[PDB]
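Two separate entries follow, structure 1 and structure 2, each one form of the same protein chain as structure tokens.
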Structure 1
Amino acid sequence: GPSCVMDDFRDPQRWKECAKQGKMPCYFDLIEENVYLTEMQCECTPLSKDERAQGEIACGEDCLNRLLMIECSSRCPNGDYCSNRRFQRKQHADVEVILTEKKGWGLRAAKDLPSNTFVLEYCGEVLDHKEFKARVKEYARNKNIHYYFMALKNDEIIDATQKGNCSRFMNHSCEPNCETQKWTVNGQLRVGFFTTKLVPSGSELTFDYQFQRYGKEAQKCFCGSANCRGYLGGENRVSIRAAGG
């Protein structure tokens, strides 16, 4: 199947022509941070010049901000060396977009990824419940096959259908190698994907959607795992009202 690096999505004209030949996924508006449809420091002791030369970690495993899933600000005692500003600095894993046999486009590791590595943030338009129902009605009228809604918090759904980044290509697996982590950046909640184990180079990156299905028919799962649940969404259908947070 064809593949494409994250640099290929920065040129809209070249991408739109590759899409006509099926070498790249269908066009969407590339964004690097959530767009709303309707508009203290940690206590880590700063690392010395010797500690940074050795390779020691600033705001590592012990950081108090890291523990409450809060990213540090520019005012961090470790300053520019703080390793707890990954969403802000876009310190993404090396990933490529690939065409899968039956799930549409997907994401794959371009390098070996250690466990608990930040992959990408799940970006998109943040909708309230009325706006979410409006998009549900539009996508139902369009007969869309793929769905890009991610529950963020009460009355906040991220919709990556029209605007988002390459995280919108992460497929579901019943035995996944990634998970979401909800992080607070400047008081705002964000969802990111993180590896849950060592992911070898060339492997597809997947997560458990824990899908809340409002559709009448459930989508069959093609994850190919021995423990496959057979469907995205399980047995029960919830109402449009309940699926959206």
Structure 2
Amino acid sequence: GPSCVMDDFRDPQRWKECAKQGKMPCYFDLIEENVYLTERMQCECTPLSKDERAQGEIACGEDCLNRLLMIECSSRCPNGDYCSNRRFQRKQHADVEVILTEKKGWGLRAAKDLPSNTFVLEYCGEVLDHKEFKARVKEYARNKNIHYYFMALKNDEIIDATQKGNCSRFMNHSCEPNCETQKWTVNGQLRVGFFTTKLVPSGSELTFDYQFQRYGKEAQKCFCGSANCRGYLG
């Protein structure tokens, strides 16, 4: 159908008028970082030379101890600004577009080829404690037309993407997905991101397996079209 770049989502008034025309998804409150509703490690990498970086060597690449432990480097990194392990902080998300699919509503696609383990986008939302989550579950169990999406960070920290979020709201489900969520520590805070699990060619829909989040006592029929399709997302 039609397509949308992430900048289109940054003008609320132009967005609302495109959604009435069916040219953009339904309006929602866009946030580019988690909002908390209640007030709540150097790597052993050798800093790379000018000659090393030019010859193709990766600063805080696959061998970074921080990276292997899913910890981003701080501003105190030996590799400084050339450090490739500060993706959440530097907002180094993938080139992605929002597209209308045939059967699954709006979806996310790769606008460039994305190698395996590429940061796609952060899973953003309102972060809830115990009590707020309990009140929200109760409020949702009345509305019934509400499709609730939760991602636990830790026990007293649950991401709610149902009302506020970013374009990771458009990530559809697949039974044979090409993305996964990963939970990272970023300057002491737990953050979750979508990361590709294979090379995703340009134009390919970006998908994840919904079983790794908390969502709907309801069970939607599945149009992922995978050979291994389980028939439902419930």
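Only residues modelled in both forms are compared. The term rigid core refers to the maximal set of C-alpha atoms that superpose within 1.5 Å between the two forms. Residue numbering: sequential along structure 1, first residue numbered 1.
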message: Quick check: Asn144 between structures 1 and 2 - does its CA shift reach 2 Å or more after fitting the rigid core?
response: yes
C-alpha of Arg66 moved at least 2 Å between structures 1 and 2 on rigid core: no
- prompt: Does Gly215 count as moved between structures 1 and 2, where moved means a C-alpha shift of 2 angstroms or more after fitting the rigid core?
  reply: yes
message: Relative to the superposed core, report the C-alpha shift of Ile157 between structures 1 and 2 in angstrom.
response: 2.1
- request: Give the C-alpha shift of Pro200 between structures 1 and 2, in Å, after superposing the two forms on their rigid core.
  value: 1.0
- line: Note: conformational shift between structures 1 and 2, core-aligned, Cα at least 2 Å, runs of three or more in sequence order, located at 49-56, 128-130, 132-153, 155-157, 211-217
